[PDB]
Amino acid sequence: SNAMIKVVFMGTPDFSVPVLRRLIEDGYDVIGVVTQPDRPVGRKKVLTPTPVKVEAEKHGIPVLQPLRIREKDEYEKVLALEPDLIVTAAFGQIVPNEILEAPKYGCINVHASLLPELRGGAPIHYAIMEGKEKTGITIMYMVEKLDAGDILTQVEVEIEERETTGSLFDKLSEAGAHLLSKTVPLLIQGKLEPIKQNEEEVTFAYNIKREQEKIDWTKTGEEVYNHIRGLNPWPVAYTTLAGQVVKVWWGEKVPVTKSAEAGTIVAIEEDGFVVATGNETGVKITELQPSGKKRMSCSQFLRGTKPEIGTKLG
C-alpha cells in the first residue's frame, strides 16, 4: 500500500517467506525482520540461514535473531525500530506484551487454521488427519494467550483428495500472503471488525508426539489414509513389519472383500501389499521406509522382503 507504513516482520520457515515477500512487493516499508536462530536442516542436519533470513537479506533488510525475544535487551531492539505494524507468520517465540502494545496498528498473525479451530503448532497436520472438509488461513491480533486474539480476516482453502501436509503448506502459505495483502489496508483504514473467538468452539492442534505418528490400524481405512498423508512429508507415520519400525509414506484406499482383523496383510499386488483395517476400507501401502533404510516404493520392498498374507502389522 504505502511506503509510509513502517513494518517489522517475524517468521522463520518457508511458510513465512511468501508472507514477507508479499509485504515487500506491496510497497510497505519493512524496516526489520525477526527470525529464529539458524537450526540444522536436511538429511545431513546442516546449519542454514532460516528461509526468512535468506529472503530478508536478499533485500538488505536487517535481521534480528534473538534466542528469546521476550527478553529486555532483545525486544528493545525491536522497540527502537518504531514499527507502525508488526506481522508474524510461523514465528516460534513468545512475543512480549511490550512489543505487543508497541505498534500503532497492532501486532497481527497469519495463522494456518480457521480459528477458533486448531489453535497451536500443527493445524495443517491436524486438519488433514481429522479429515477436515476445508481448512484455511486466519489473520488475527496477537495477545498473551496463544492464538486467542480477536480475528480480523479469514479465507477458506479446500483439502483435495491426494493432499499431503507438505502440499497444503504451500497452498495455505500462498493464500496467507494474499489474504494479508488484502487485509493490511483494510486494517489500517479501520474497515476491519475484530471478532472475538468463541471459547466453546476452540480446538487445539497440539504438536505431534511420536506416539501420535503410530498408525492406528483399528480405525477406518479412510482415517488411516488421512493419517498417512496428514503426516507426509514431515514427520511421517509409522508401523511395524517383521519387527522393524516402518515409516509409511503413502497408501491407497482399496476394497477388502473378506473382512479380517485390522493390521493383517490381506493382499499382495505389483506396487504394494494391502493391509486390513477396522472397516470395509483397506489400505494398500505403496510407499514406505523401514528403519535404517532409505524411503522406497513398496514395489522395491516387496522384492526384498515379501511379507506373506496373514501377518499382522503393529
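All residue numbers refer to positions in the sequence shown, first residue = 1.
Relative to one another, 16-24 and 288-296 have unequal mean CA B-factors, and 288-296 is the one with the higher figure. If you average the C-alpha B-factors over 68-76 and over 173-181, the higher value belongs to 68-76.
Sorting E55, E252, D38, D29 by the CA temperature factor given in the entry leaves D38 at the top. Comparing the C-alpha B-factors of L100, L241, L114, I139 in the entry, the top value falls on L241. Compared with the other modelled residues of the chain, the Cα B-factor recorded for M4 ranks in the middle third. In the PDB entry, a CA B factor belonging to the lowest third of its chain's modelled residues is recorded for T50. Sort the modelled residues of the chain by CA B factor and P123 lands in the lowest third. Among the modelled residues of its chain, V248 has a C-alpha B-factor that falls in the lowest third, as given in the PDB entry.
In this PDB entry, the Cα temperature factor of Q197 sits in the bottom third of its chain's modelled residues, the lowest group.
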